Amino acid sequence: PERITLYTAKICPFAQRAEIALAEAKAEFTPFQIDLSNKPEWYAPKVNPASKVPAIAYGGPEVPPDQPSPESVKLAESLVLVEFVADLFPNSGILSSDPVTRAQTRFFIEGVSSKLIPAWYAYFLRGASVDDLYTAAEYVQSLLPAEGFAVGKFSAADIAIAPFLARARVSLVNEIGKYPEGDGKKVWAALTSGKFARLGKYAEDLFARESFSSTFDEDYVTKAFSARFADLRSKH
């Protein structure tokens, strides 16, 4: 493959998807951290007009990441980037070679993106009822096989969900959010035990994956979430 520069941010779960994929592929790449509170003026016009992470500059000459060349192809959207790494590295295991398994992989990601992630942000940012979060977690849990990862062998499906389960845990166990203070620890426990014991086992296995743990700085993310969302209950 041609050279890869990844524009990313430790706080951002969509960006961690891209980091996990590159780690699974053992890809050589140059990282560049974007401060989302203080973005470089060059980032939107030169790299990503949406002004978000993650993004990749692919190819072109060897340049510093803050001096991108217009000759590199600019790419964005986390789920596009994960399948891009999978297509660059066909022996990475990010996607099965099997058509049915690939479809089941993407079907799982659709459950994550359409049900679980919106239900989490509704609960976390707005204090919506936990009802939809349980419904979405039960649905995602029902797609899991008895053992292993989303379609057995680790794949893009696990990459898609792991950064969000990790930051849900960080938020809940620290009571960060707009939901009633004190419910957080109860909800994470409920999502990982009893009726949700399979989901709890799934989360354990995700968090133990080397490509996850090597791209997750739990202390940094916890501190960044606490600072950013401290005022959810108190701001007028």
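Counting begins at 1, following the sequence as shown.
Handout entry: Mean C-alpha B-factor comparison - 82 to 90 and 103 to 111, higher one
Key = Per the PDB entry, the higher value belongs to 82 to 90.
Practice task
With reference to the PDB entry, specify whether the mean Cα temperature factor is higher for 202 to 210 or for 58 to 66.
Solution key: Stretch with the higher mean C-alpha B-factor: 58 to 66.
Exercise for the section: Kindly indicate the residue among 146, 166, 76, 133 with the greatest C-alpha B-factor in the PDB record. Expected result: Of 146, 166, 76, 133, 146 has the highest C-alpha B-factor.
Practice task
Using the B-factors in the PDB entry, rank residue 138's C-alpha atom against the chain and give the third, lowest, middle or highest.
Solution key: Ranked within chain, residue 138 CA B lands in the middle tercile.
Problem - Third of the chain, ranked by Cα B-factor, where residue 125 sits - result: Its C-alpha B-factor, which the entry lists for residue 125, ranks in the middle third among residues of this chain.
Practice task
Consider only the C-alpha atoms of the modelled residues in this chain, order them by B-factor as the entry records it, and name the third containing residue 226: lowest, middle or highest.
Solution key: For residue 226, the deposited C-alpha B-factor lands in the highest third.
Exercise for the section: Select lowest, middle or highest to describe the third in which the CA B-factor of residue 190 falls within its chain in this entry. Expected result: Its C-alpha B-factor, which the entry lists for residue 190, ranks in the middle third among residues of this chain.
Exercise for the section: Within this chain's modelled residues, let me know which third the CA B factor of residue 197 belongs to: lowest, middle or highest. Expected result: CA B-factor rank for residue 197: highest third.
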